[PDB]
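Take a look at this single chain, the form deposited in one PDB entry, given in structure tokens.
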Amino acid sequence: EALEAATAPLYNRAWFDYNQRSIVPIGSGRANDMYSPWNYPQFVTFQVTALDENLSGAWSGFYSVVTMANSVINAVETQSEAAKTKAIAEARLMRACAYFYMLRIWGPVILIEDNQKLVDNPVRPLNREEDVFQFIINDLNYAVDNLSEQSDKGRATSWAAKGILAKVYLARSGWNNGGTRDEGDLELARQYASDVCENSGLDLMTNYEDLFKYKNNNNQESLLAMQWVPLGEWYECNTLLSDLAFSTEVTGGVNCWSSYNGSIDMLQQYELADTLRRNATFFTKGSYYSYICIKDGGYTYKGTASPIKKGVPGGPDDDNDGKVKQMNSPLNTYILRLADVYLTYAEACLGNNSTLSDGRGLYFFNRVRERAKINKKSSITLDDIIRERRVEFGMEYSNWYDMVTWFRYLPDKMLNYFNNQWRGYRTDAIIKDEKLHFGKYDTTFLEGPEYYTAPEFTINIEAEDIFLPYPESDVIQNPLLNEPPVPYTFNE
């Protein structure tokens, strides 16, 4: 039971190459959560090339998770029967997560149970999307059975396993399935998600803004998160700080450079009453914050833009216990929140119906709206769920993965949706009412699209743009990355 020391880096170092940076433009930028012409716009505008350094970063990161999980699983043979099944359960959970991410970025990817290690650059084929689902599910089922129902602050539980496995079943339900969601998968998703919702004994944090404070790492709503070391050494700190934060006035002096702004389209998703989630995600004019710049009575953003609040914990003195320096944020990276399980339950209860007007699924939906301190809905559609998921998880680097899942379910719907997100548009001044307005002054406020700063190249998003390309460097090393995927031969 020094396994625990070997399974520990599965939460931090394993994910580092991914989390270092790429996680933001890919997870949140390609969803058009937010935007900058000078910080990797191409992900927002669908102009990404095979040479893109974020693709390389992300791709190595996820496979680093895979390598380490496989090292551990193997290592559990190169070294108590309950300590061992737990260790393997953690490795395979992370391995499922890494692939479930890749599956919704590239689609086909290479399925590796065995690292080889003797061969620097193995020539392995891509495996089919359905095989990648079945691999992820094999891993999650093991983690469901072999993780415990409660654990130490920061470690995985069987509730997390069930949580993920509910999202996976929901995502497979409609994937390439000819316009309908598979009822078998919908039922599987309902039962894993309702079992978490009803039996975990867990509860949403009363205040949504609390989720995103250092002092609240591994709260009861955090089912699975990247456990970053406060002021950690390289390979084990959260380096996203300087990329997220727009000005030193919100970092207690620490160096930063973010030019990201919440997108027109993203800011428009927030209902008029939904300002607790909006505030906790982006700064907008007038927005007050008691827990940032605590020394000066709190910070009030007084600009006309939409810089990122979420992932910007404030200064080292702003209840962060001094754990804030450049490229060193003390926040965990969320992977799965209980809120996500609530919405996932809901979507799985909607199923193939137009509307959902009753049941426990709608209860856990409204339960999320309840926390945002906004009005419940008496019935919901898929479009409500999409919108609720966007505002709930804005700037948590996961809205793109969901949009890919949806695109895989209703491709023409979502292509029309991607093309009506004002992608690449921006506006001089976002001003606030008594309600958000988008435009500019000109010598008096000019409102609407006509006064947006429009992109000046072609943006016509089509099916082949959605999944990103394989990183060119890897393609050169393994030419099968250009060939059709093949069926994986599963192990029994």
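By rigid core we mean the largest C-alpha set that fits within 1.5 Å across both forms. In case it trips you up, residue 1 is the first one in the sequence shown, and so on.
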- Where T443 meets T444 in the shown sequence, the number of deposited residues left unmodelled: 1 to 3
- Just how many deposited residues go unmodelled from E434 to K435: none, 1 to 3, 4 to 9, or 10 or more? 1 to 3
- Query: Should the higher mean CA B-factor in the entry be assigned to 170-178 or to 115-123?
  - Reply: 115-123
- Item | Higher-B stretch (mean Cα B-factor, as the entry records it), 269-277 or 309-317 | 309-317
- Item | Candidate residues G163, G361, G297, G262, the one whose C-alpha B factor the record puts highest | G297
- So among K325, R104, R190, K377, who wins on Cα B-factor in the entry? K325
- Modelled-residue ranking by C-alpha temperature factor, third containing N19: middle
- Where the record places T489 (Cα B-factor, split into thirds across the chain): lowest
- Rank-wise, by C-alpha B-factor, drop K153 into the lowest, middle or highest third of its chain. highest
- Please rank the C-alpha B-factors of the chain's modelled residues and tell me whether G394 sits in the lowest, middle or highest third. middle
- Query: Lowest, middle or highest third of the chain for the C-alpha temperature factor of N12?
  - Reply: highest
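From this point on, the text means the form deposited in another entry, which you will not see here.
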- Single mover in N375, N121, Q150, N176, with Cα shift of 2 Å or more between this form and the one not shown when the core is superposed: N121
- Task: Based on a C-alpha change of 3 angstroms or more, tell me if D120 and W15 lie closer or farther in the other form than in the shown form.
- Result: farther
- Taking the shown form as the reference, report whether the CA atoms of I23 and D120 lie closer or farther apart in the other form; the distance changes by 3 angstroms or more. farther
